[PDB]
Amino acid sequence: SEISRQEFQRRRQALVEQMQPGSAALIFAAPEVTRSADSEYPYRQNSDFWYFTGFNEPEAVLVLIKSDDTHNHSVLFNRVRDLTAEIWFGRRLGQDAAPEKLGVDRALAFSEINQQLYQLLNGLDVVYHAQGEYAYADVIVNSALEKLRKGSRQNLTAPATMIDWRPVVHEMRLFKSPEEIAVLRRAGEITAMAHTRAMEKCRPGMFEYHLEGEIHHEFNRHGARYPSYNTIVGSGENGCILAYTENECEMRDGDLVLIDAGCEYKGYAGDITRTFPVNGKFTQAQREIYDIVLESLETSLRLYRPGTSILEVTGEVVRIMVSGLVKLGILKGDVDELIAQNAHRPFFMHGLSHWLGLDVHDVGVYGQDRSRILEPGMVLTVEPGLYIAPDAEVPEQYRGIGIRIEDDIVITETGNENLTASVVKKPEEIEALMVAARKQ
């Protein structure tokens, strides 16, 4: 499953439909990024630029011109063919092949952008530009507008109105096409296979980073070369650090390990968390905390549907958590009073759900306190957790336990589809999986 040229074209047209007549939208590629000295990190295209192109080169700009209500066209600026640059650093699409390959009307050399961009903006009423997204982009746009403003003797005029297209584009990205959902489904499957593998490989004495290695290898074998975010492998007390990425410790017999990892497949993020015993068997204390987090997730998965909200479902989770923590003596008092005091917050301090897509923390308006009403096509995570610090004033057997369990779902007409349920999460199923692996 992938996103095709025709879908990128549909997206461009959908943006154009929303634009004022006599306008242009400017969408800039990500800059290359230094890792150390003359070496660069592996290139990651800007998500919005990718969304409209599927084009994985830097020094590229998509220009959508809406001349009036019926006439519109697209111009791509991108790197020229250059034999020497290509022998050294890789092939470039160039100008000749770009119109057919990407489905744009015209392509020009990026080297000519300052000589050409102002000519494309001349006489328009509106420019759509994500001001502040990239310094190099702001420089180019500001220079073009200045040339126009100062060019009345050459009969040039600048568009007086600049509109940030990010809100419009992010609202588009918030609602996935069936093709996007298919890509995210595959990302979920790939990510789930990696998590199953980590559970089957984990043994006391392995380092946290060893499970990262297994996970990243599994991503790669299915064609997801890169993770969508830095892998978290937090064993023991490290599980109480939310985005622990050091992954530097030897995993101890008797500790839990929390793994938060996701692949990036055709630009889209998977995002799964599983927590499990390093030695394949939950202790009683570990199981007691685990059960509360799992009940929170299972209830959320029953509830998520069009017409509810992340806020509403969070309320149900908070009650489950406070109730369970009271039962274990971690919290003390009346459940309703404790809920009113947000007494869960020392142990569950983050959100239940974030949007998921071309970014792991995907774009799109949540509403105040994540109250926005859910509709079909939205994709989100469900990630309750409980984190009991090593020095927490709680019964001693719970100290240093960090548990999160996270699935990715899509809202459907009739509820939700769980994209990541192919990796187990019921404690008896986790134990059975690990027992079977440990016998090999």
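Just count from 1 along the sequence shown to find any residue number.
The stretch with the higher mean CA B factor, choosing between 36-44 and 62-70, is 62-70. When the mean C-alpha temperature factors of 140-148 and 80-88 are read from the deposited coordinates, 80-88 comes out higher.
In the deposited entry, the Cα temperature factor of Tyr229 places it in the middle third of its chain's modelled residues. The deposited CA B-factor of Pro390 belongs to the highest third of values across its chain.
In the deposited entry, the Cα temperature factor of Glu413 places it in the highest third of its chain's modelled residues.
Ranked by Cα temperature factor within the chain, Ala182 sits in the middle third according to the deposited record. Ranked by C-alpha B-factor against the other modelled residues of its chain, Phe110 falls in the lowest third.
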